[PDB]
Engineer: 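Let me give you the structure first, and then I'll get to my questions.
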Amino acid sequence: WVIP
Amino acid sequence: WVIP
Amino acid sequence: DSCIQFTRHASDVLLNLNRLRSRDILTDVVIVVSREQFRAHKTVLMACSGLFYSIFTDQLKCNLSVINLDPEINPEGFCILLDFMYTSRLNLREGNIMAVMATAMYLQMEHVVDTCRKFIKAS
Amino acid sequence: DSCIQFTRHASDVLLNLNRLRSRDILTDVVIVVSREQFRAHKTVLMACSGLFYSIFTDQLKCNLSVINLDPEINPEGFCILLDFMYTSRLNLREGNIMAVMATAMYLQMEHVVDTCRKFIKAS
Ligand SMILES: CN(C)c1ncc(Cl)c(Nc2ccc3c(c2)CC(=O)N3)n1
Ligand SMILES: CN(C)c1ncc(Cl)c(Nc2ccc3c(c2)CC(=O)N3)n1
Ligand SMILES: [Cl-]
Ligand SMILES: [Cl-]
């Protein structure tokens, strides 16, 4: 999971 | 396009 | 094999499937969550959820145009997860994380359950 | 928004759609190319091809279960492109590049046409  |  | 690969292809496919959903094009099922109705593509639901995968591979349920979820399922939690299915983006907030995790456990969306467990553990 | 994103989600969705195709699950159309028949999901075809997008948004053609391609279309070229649609992987070879480019131009798959033009220019 990432900060888009 | 890439070499997978 | 000796194949070449287009990096953005999967993302572009998902973006177009979401465009079809937003325009209600070739949607083939309505998911009923309490009073709320959500139109979607059975194939996308199966690709994202262990629960929908089991439902639509069933020789009788595969032909249903309406699926009613358990009355305990929260419509907002379902909406956030349906958006995630079609975008890879999860709107996880303090006020919805419990409903999102419970809905993801019911829908069998393992990666969402994992990030909810981690975000809850941090707080 | 304040969304988080699961990097592998789009790829995982496409992988599962290809698993459904390989098992012939919820396929809703057969594409006829000369003597050859290819089963697929209309939504995936639309998401990948300008030609299928136009066909299945048509109020009459959207309901067809069989689509016949132009007799000039090569079945192997179509097969390679259908595989690309469901995998992001293109089996581009010296012996098939002309048939692949011609099929991609007909199907309106701009990124495939672009890599074929570049590979031909290099030789
Ligand atoms: C497991 N399998 C062969 C498969 N093939 C095709 C599809 Cl559409 C599919 N989808 C599915 C099944 C289980 C789970 C998911 C999708 C997401 C998840 O967390 N569990 N799973
Ligand atoms: C253009 N548009 C709004 C849109 N929405 C939904 C879908 Cl499924 C779609 N697909 C499509 C259209 C044109 C092209 C492609 C897909 C690939 C391409 O090279 N051209 N295009
Ligand atoms: Cl997930
Ligand atoms: Cl393309």
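We count ligands from 1, going down the list as the structure has it; atoms in each ligand are counted the same way. Atoms considered below: every heavy atom in the structure, side chains included; atoms not considered: hydrogens, waters and symmetry mates. In what follows, chains carry the letters A, B, and so on, assigned in the order in which the sequence lines appear, proteins first and then strands, with residues in each chain numbered from 1.
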Engineer: According to side chain to side chain donor-acceptor pair (under 3.5 Å), who are the partners of D:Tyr106, at least two apart in sequence or on a separate chain?
Structural biologist: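 Scan of D:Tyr106 (side chain to side chain donor-acceptor pair (under 3.5 Å), adjacent residues dropped) gives none.
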Engineer: For ligand 1, which atoms, with element, lie under 4.0 Å from some heavy atom of C:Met46?
Structural biologist: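 Here the atoms of ligand 1 in question are 8 (Cl), 9 (C), 10 (N), 11 (C), 16 (C).
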Engineer: Any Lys/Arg nitrogen of C:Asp24 or C:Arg39 sitting under 4.0 Å from an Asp/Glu carboxylate oxygen of the other?
Structural biologist: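 Counted as a salt bridge, because a side-chain N and a carboxylate O are separated by less than 4.0 Å.
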Engineer: Please say whether D:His111 places an N or O atom under 3.5 Å from an N or O atom belonging to ligand 2.
Structural biologist: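 The answer is no, given that D:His111 and ligand 2 share no N or O pair closer than 3.5 Å.
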Engineer: Which ligand 2 atoms, with their elements, are less than 4.0 angstrom from a heavy-atom of C:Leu20?
Structural biologist: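 Within the 4.0 Å cut-off of C:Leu20, ligand 2 contributes 6 (C), 8 (Cl).
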Engineer: Please name all residues satisfying ring pair (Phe, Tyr, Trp, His ring centres under 6.0 Å) with C:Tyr86, sequence neighbours left out, ordered by chain then number.
Structural biologist: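 In terms of ring pair (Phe, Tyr, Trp, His ring centres under 6.0 Å), with neighbours along the sequence ignored, C:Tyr86 is linked to C:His41.
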Engineer: When you measure from atom 13 (C) of ligand 2 to each heavy atom in C:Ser22, D:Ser54, D:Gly50, D:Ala47, which option holds the nearest one?
Structural biologist: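 The nearest heavy atom belongs to D:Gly50.
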Engineer: Can you label the angle between the D:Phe52 ring and the D:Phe78 ring as parallel, tilted or perpendicular, going by 30° and 60°?
Structural biologist: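 Plane angle over 60°, so perpendicular.
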Engineer: Any atoms of ligand 2 less than 4.0 Å from a non-hydrogen atom of D:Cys48? List them with their elements.
Structural biologist: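 Counting atoms of ligand 2 from 1, those under 4.0 Å from D:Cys48 are 17 (C).
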Engineer: Looking only at atom types and distance, does a side-chain atom of C:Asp28 sit under 3.5 Å from a main-chain N or O of C:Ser65, one as donor and one as acceptor?
Structural biologist: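 Checking the backbone N and O of C:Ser65 against the side chain of C:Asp28, no donor-acceptor pair under 3.5 Å is found.
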Engineer: Any salt bridge linking C:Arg21 with C:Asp83? Criterion: basic side-chain nitrogen under 4.0 Å from a carboxylate oxygen.
Structural biologist: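 Between C:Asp83 and C:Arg21 there is a salt bridge, with a charged N closer than 4.0 Å to a carboxylate O.
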Engineer: Counting from 1, what ligand 1 atoms have a heavy atom of C:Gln108 closer than 4.0 Å?
Structural biologist: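 Listed by number with element, the hits are 17 (C), 18 (C), 19 (O), 20 (N).
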Engineer: Taking atom 9 (C) of ligand 1 as the point of reference, which of C:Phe56, C:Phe52, C:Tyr53 owns the nearest heavy atom?
Structural biologist: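 Looking at heavy atoms only, the winner is C:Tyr53.
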